[PDB]
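Asker: Please read through the structure below; I'll follow up with questions.
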Amino acid sequence: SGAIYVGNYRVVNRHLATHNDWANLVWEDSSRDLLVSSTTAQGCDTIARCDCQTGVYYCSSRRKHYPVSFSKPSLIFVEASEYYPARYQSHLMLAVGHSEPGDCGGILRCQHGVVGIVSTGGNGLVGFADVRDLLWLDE
Ligand SMILES: NC(=O)[C@H]1CCCN(C(=O)Cn2cc(Br)cc(Cl)c2=O)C1
Ligand SMILES: [Zn+2]
């Protein structure tokens with residue numbers, strides 16, 4: 001679980017989106033595991049507008065924040081699930097770190113703000129769905 005609350009938007013993993021998220025749908029991309037929905041309350045999350053490759057992410061499975069080096073957003077293959085078939089997920093950044101089912105939603109942050117959220121993992125790796133390119137979240 002976990003979400004980014006920026007302005008009048010809520011950003012969540014598309015596979016974890018609720019009925020309210022779908023009822024108040026703004027934008028969704030299956031290939032990125034992102035869903036953005038509208039919220040009546042003003043949220044204060046600063047989105048990073050950078051090309052950082054180091055940051056800190058929150059790991060719910062360890063109740064700890066971890067510093068990580070991560071790759072540039074790219075198209076990386078991800079295996080089937082009760083949510084998605086086997087496909088290439090886009091705008092995904094890999095990092096060496098701990099993650100296990102239940103960690104999706106944990107925010108990855110850098111000095112410039114929110115970079116993205118935990119979307120994939122396993123094998124001593126953690127994958128993050130980038131949100132820095134979504135410029136409309138601030139406007
Ligand atoms: N974005 C997706 O396709 C995910 C949908 C839910 C299932 N996906 C996963 O990666 C499940 N998972 C998540 C984390 Br975090 C760590 C591990 Cl070890 C793991 O197996 C894939
Ligand atoms: Zn940054």
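What follows is calculated from the coordinates using simple rules that are stated; it is not laboratory data. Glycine also receives a Cβ, built like all others from the backbone with ideal geometry; neighbour counts cover every protein chain displayed.
Asker: Around residue 97, which amide H atoms from residues at least 5 apart in sequence, or from another chain, sit under 5 Å from its own amide H, with H modelled in the peptide plane?
Answerer: Here the answer is 125, 126, since their amide H atoms fall under 5 Å of that of residue 97.
Asker: GluC sites (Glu not before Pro) within region 1-110: which are DSSP loop residues with at most 15 other Cβ atoms inside 10 Å?
Answerer: 79, 82
Asker: Here is a further query. Sticking to Cα atoms, compute the Rg of the chain to one decimal and its Dmax as the biggest Cα-Cα distance, whole number, in Å.
Answerer: Using the Cα atoms of the chain, the pair Rg, Dmax is 13.9, 39 Å.
Asker: Take the alpha carbon gyration tensor of region 1-73, find the square roots of its eigenvalues, order them as a ≥ b ≥ c, and report rounded if a/c is under 1.5; if not, report prolate when a/b exceeds b/c, else oblate.
Answerer: Cα axes put region 1-73 in the prolate bin.
Asker: Quick one: 3J(HN,Hα) in Hz for region 113-124, Karplus 6.51/-1.76/1.60 with θ = phi - 60°, rounded, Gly and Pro as x.
Answerer: Result, ordered by residue: x, 6, 9, x, 10, 4, 10, 9, x, x, 6, x Hz.
Asker: For an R0 of 25 angstrom, estimate the FRET efficiency from the Cβ-Cβ distance between residue 138 and residue 84 and round to the nearest 0.05.
Answerer: 0.30
Asker: Could you work out the local net charge near residue 49, counting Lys and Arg as +1, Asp and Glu as -1, over the other residues with Cβ closer than 14 Å to its Cβ? Please report the intermediate quantities before stating the final value.
Answerer: Working: positive: 109, 132; negative: 45, 51, 130, 133, 138, 139.
Surrounding charge for residue 49 is -4.
Asker: In Å and whole numbers, how far do the C-alpha atoms of region 3-44 stretch along each principal axis, longest first?
Answerer: On the principal axes, region 3-44 reaches 27, 18, 14 Å in Cα extent.
Asker: Measuring from centroid to centroid over Cα atoms, what is the spacing of region 41-64 and region 83-139 in Å?
Answerer: With region 41-64 and region 83-139 each reduced to a Cα centre, they are spaced 10 Å.
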